[PDB]
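Written out below as structure tokens is the structure these notes cover.
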Amino acid sequence: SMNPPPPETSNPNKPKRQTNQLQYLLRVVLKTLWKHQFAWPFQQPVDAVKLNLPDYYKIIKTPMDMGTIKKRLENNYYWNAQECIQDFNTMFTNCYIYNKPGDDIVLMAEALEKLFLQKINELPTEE
Ligand SMILES: Cc1nnc2ccc(NCCc3ccccc3)nn12
């Protein structure tokens, strides 16, 4: 069995910025979700080999996880807040696509998504 390479976290030719909204995404959003008791399955790419999920990467074609988001935020990989918000949404959506309602992993994603939505509701206006 094999995992794909992880999503890109470094690209020198990609234009990027350090905005107040992106700072909020790291200091408030990512940090809140990262410390949560249900964050652990989402702190690194899904390891389909170790978890014995050979169909995972046959179904999930745009993988995303908080370890990748954390690296992207720390490396100032993004141009805007929308790009980062899309990464969080991809992460939750993938979990719902792959799994069944009521599964433990889905309940965990739902708890993190609730907090995500609460924090993004207060995303500051751009400076
Ligand atoms: C992320 C992600 N997206 N879909 C899946 C499917 C399984 C999975 N297993 C990780 C270990 C685990 C088992 C039970 C409950 C919580 C975590 N992680 N995962």
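FYI, it's all coordinate maths here, none of it is from the lab. Neighbour counts are summed over all protein chains in view; Cβ atoms, including those assigned to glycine, are modelled from backbone coordinates with ideal geometry.
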**Item:** Listed residue pairs exceeding 21 Å between alpha carbons, taken from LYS31/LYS114; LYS31/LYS58; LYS71/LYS100; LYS31/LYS100; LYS14/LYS58
**Value:** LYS31/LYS58; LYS71/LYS100; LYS31/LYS100; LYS14/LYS58
**Prompt:** For the chain, what size does the Cα cloud have along each of its three principal axes, sorted from largest down, in whole Å?
**Reply:** 45, 33, 20
**Message:** Using a Förster radius of 30 Å, what is the FRET efficiency between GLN37 and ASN89 based on their Cβ-Cβ separation? Nearest 0.05, please.
**Reply:** 0.90
**Ellipticity estimate at 222 nm from DSSP helix runs (n ≥ 4, -39,500 (n - 2.57)) divided over the chain, nearest 500** = -13000 deg cm²/dmol
**Request:** Sort out for me the Cα centre separation of the stretch 93-108 from the stretch 51-88, rounded to whole Å.
**Result:** 16 Å
**Complete:** GNM on the chain, Cα springs under 10 Å; top mean-square fluctuation among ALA39, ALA109, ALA48 goes to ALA48
**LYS61-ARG17 pseudo-label distance in nm [points 7 Å out on the Cα-to-Cβ vector]** = 3.1 nm
**Complete:** A chain fully extended from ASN52 to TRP79 at 0.36 nm per residue, minus the present Cα-Cα distance, gains in nm 6.2 nm
**Fill in**
Descending packing, highest mean Cβ count within 10 Å first, for 28-35, 8-15 is 28-35, 8-15
**Message:** No solvent, one uniform scatterer per C-alpha: report log10 I(q)/I(0) for the stretch 13-55 via the Debye equation at q = 0.28, 0.34 1/Å, two decimals.
**Reply:** -0.93, -1.09
